[PDB]
Amino acid sequence: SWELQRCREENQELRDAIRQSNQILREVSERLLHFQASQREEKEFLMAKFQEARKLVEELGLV
Amino acid sequence: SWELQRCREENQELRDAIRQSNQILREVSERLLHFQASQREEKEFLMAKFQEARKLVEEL
Amino acid sequence: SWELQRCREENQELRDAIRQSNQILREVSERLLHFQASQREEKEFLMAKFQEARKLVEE
Amino acid sequence: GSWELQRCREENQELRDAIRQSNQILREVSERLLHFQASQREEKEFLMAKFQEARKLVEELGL
Ligand code: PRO
Ligand code: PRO
Ligand SMILES: [Er+3]
Ligand SMILES: [Tb+3]
Ligand SMILES: [Tb+3]
Ligand SMILES: [Tb+3]
Ligand SMILES: [Y+3]
Ligand SMILES: [Y+3]
């Protein structure tokens, strides 16, 4: 049937779009884990500095 | 004889799933854009802390 | 003595400078904890909404 | 001279050094936040790019 052939093609494209869109979302989730690993290193540089500052004032007797 | 009707029903279920997914992703996107704007504004207070520190290093 | 009084007064000013700079750093740290909380909430929302999208696709 | 004046002078030197250290800490924290900001910017640009990919997949169905 003309209409059945057309409908079958459209359904396969719809399935492909859903599958490809899920893969995009999966890649987003994985990459966000990488951004978070790098941002954990940033927090570590920052935390080291804030601890150095705290020690400075404790030691000067200013706490 | 019901092959086309089956295919049309599948098409409708798939179109509805795509629409719902699009709605979800539109919500995420729009919320993240508004969030970036709010965060930019909130970061202005950090910028202000460092301007105060600069002024201090100068007045010393 | 005169010299002791001058040194004590200078030390008060220096301590005040240190208090100010330390308080600025404490405010930065506190505000960064605000940012961390906000970002965690947005990450949780995104995760939840991606899961909802992954569910509509099941079946 | 007195023992108490020598302490005061030693305290004065340690506070001067502490001010220089505090300034260094402030500077390093500022630099790190600029780097963290650049990281977050890249994360935002990545998310925008992936959402655009998904939208274009759906637009290309033509429905
Ligand atoms: O950027 C400004 O002008 C001010 C400073 C912190 C809040 N907004
Ligand atoms: O002017 C003062 O008295 C302090 C003492 C140590 C050096 N400067
Ligand atoms: Er000592
Ligand atoms: Tb503003
Ligand atoms: Tb000593
Ligand atoms: Tb540096
Ligand atoms: Y929560
Ligand atoms: Y970039």
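Every number for a ligand or one of its atoms is a count from 1 in the order of the listing. By convention in this document, chain letters (A, B, ...) are assigned in the order of the sequence lines, proteins followed by strands, and residues within each chain are numbered from 1.
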Ignoring hydrogens and angles, write down the donor-acceptor pairs under 3.5 Å from the side chains of residues 17-24 of chain B, residues two or more places apart or on other chains.
from     : atom 1 : to       : atom 2 : distance (Å)
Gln20(B) : NE2    : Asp16(B) : O      : 2.7
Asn22(B) : ND2    : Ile18(B) : O      : 3.2

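- Sorted by chain and number, the residues within 4.0 Å of ligand 2 by heavy atom are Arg6(C), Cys7(C), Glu10(C), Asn12(D).
- Applying the salt bridge (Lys or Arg N to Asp or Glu O under 4.0 Å) criterion to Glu4(D), with sequence neighbours excluded, gives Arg8(C), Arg7(D).
- Considering only residues two or more places apart in sequence or on other chains, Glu10(D) meets the side chain to side chain donor-acceptor pair (under 3.5 Å) condition with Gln6(D).
- A salt bridge links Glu10(A) and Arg15(B); the closest N-O separation between the charged side-chain nitrogens and carboxylate oxygens is under 4.0 Å.
- With respect to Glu58(B) and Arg54(B), no salt bridge is recorded, no charged nitrogen being found less than 4.0 Å from a carboxylate O.
- Ion pairing of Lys49(C) with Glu52(C) is present here, as a side-chain N (NZ or NE/NH1/NH2) and a carboxylate O approach within less than 4.0 Å.
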